[PDB]
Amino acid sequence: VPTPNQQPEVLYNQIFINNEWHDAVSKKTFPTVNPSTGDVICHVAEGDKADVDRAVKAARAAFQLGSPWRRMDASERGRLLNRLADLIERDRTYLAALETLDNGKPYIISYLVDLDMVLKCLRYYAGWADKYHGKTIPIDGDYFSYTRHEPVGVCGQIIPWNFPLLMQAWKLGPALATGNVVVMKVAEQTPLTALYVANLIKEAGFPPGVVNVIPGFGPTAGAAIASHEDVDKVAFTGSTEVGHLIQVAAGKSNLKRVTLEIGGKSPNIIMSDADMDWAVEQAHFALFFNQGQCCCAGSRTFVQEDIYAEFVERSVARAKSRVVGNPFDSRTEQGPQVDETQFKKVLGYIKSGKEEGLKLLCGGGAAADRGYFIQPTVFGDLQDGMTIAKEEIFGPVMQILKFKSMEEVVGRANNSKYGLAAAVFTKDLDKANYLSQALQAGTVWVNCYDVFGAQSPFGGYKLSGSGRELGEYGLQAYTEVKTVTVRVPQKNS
């Protein structure tokens, strides 16, 4: 991993529309802070409805029948996405550093993890461009019926702050590969990286209006996209709470297609025959990865009584050794929480746990007085009715529960409004197969956690989502099907 620039230059901080950078119509700007120091990095244009409106306008024009983008060969769409990937890889060190500066995650992670997964996603979707075929259907009668898989049109894509570059990649990959146009709203907590990539999109040679990125606020620029009368589809990734607002907004206006990737409270089930060493480490990772700021975090670690005590002791030790510090330091495992608000939220949950009557095994408090650092907390002897066992904490706060039977763990694990992911650690073939089938979750990992593949779909089962985001599935929501039934003189097989 190349040595990063601990203070990477901010080159873009405006609104990107027709491959052009401009200030908000209001000339208003908002600050973007560095979670590690609490100091302001710079100021970014604050997009609002007026800016969304013009971006939508730009996108619609780019999507007109006869446009360079609509006339473009699917293969060329693939070429553009691969070119974009190349530019991102060329600027990998810079983007990794900026990602960390704006977000807080360890540089090594932004480089080896975030950026690699960003490149793999775009590279993956580049190949789908000319392969998502329609169908020729053996309909009854003397007809020739077939389907066209056309773009759904103008897509509003709202993304969170936990994986800035990756979330952007997950949206643009399938949308662009299918021929759609994008009006994207990026998180006000982390707008810098998305904007830089927006310029690379221009450099890649994408036609104007195809991708418009608008930095701003949620109830402001986000809501304007969700309720716009000319946005054909919305893709939102964030809280279930806001997820509700997105669907409600869609219904109250355009009846635009909606997909949601939202919260979670994922159960990580360790069976007594599981390899302790692997299970403990993976359990640690399952919850602590990315400052605990992952929607599919294993926030409910169910451990079989027979091995509970040992598993708990080992988890606490591992939590005790987890290095929290400067993201740019090679030995830093944990950076700060994205912002003060989240910092307080997490702390509020730790307080709740202690008050609910939970066994605090690892220090649950601030880890520093400068950035938003919190100590890797671990709560043992957790009860299902406890707030921290029910509500998504989104911080470095581990919950460890105890169970006896499979029948019991299935019911407990499944008894949640969420269903984003789950995990099973066991050496037994039958337990693995039984559980993976019984678990009501979009993804079930067996003997592993947080394993993402651009080729494998991801999504929620209940109030944790709607629709899937990767693989071939990720193309479905960005496709509008048209049936064309032509009358023929005489149909033959």
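Residues carry their position along the shown sequence, with the first being 1.
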480-488 versus 6-14 - which carries the larger mean C-alpha B factor in the record
6-14
Report the stretch with the higher mean CA temperature factor, choosing between 171-179 and 395-403 on the basis of the entry.
395-403
From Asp91, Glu188, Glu313, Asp73, can you pick the one with the highest C-alpha B factor in the entry?
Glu313
With respect to the C-alpha temperature factors reported in the PDB entry, which of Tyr124, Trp278, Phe163, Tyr308 ranks highest?
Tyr308
Comparing against every modelled residue in the chain, figure out the third that the C-alpha B-factor of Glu333 lands in (lowest, middle or highest).
middle
Hey, what third does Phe236 fall into on Cα B-factor, ranked over its chain?
middle
Which third of the chain holds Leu255 when residues are ordered by C-alpha B factor: lowest, middle or highest?
middle
Can you tell me whether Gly104 has a C-alpha B-factor in the lowest, middle or highest third compared with the other modelled residues of the same chain?
lowest
If you rank every modelled residue in this chain by C-alpha B factor, which third holds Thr147: lowest, middle or highest?
middle
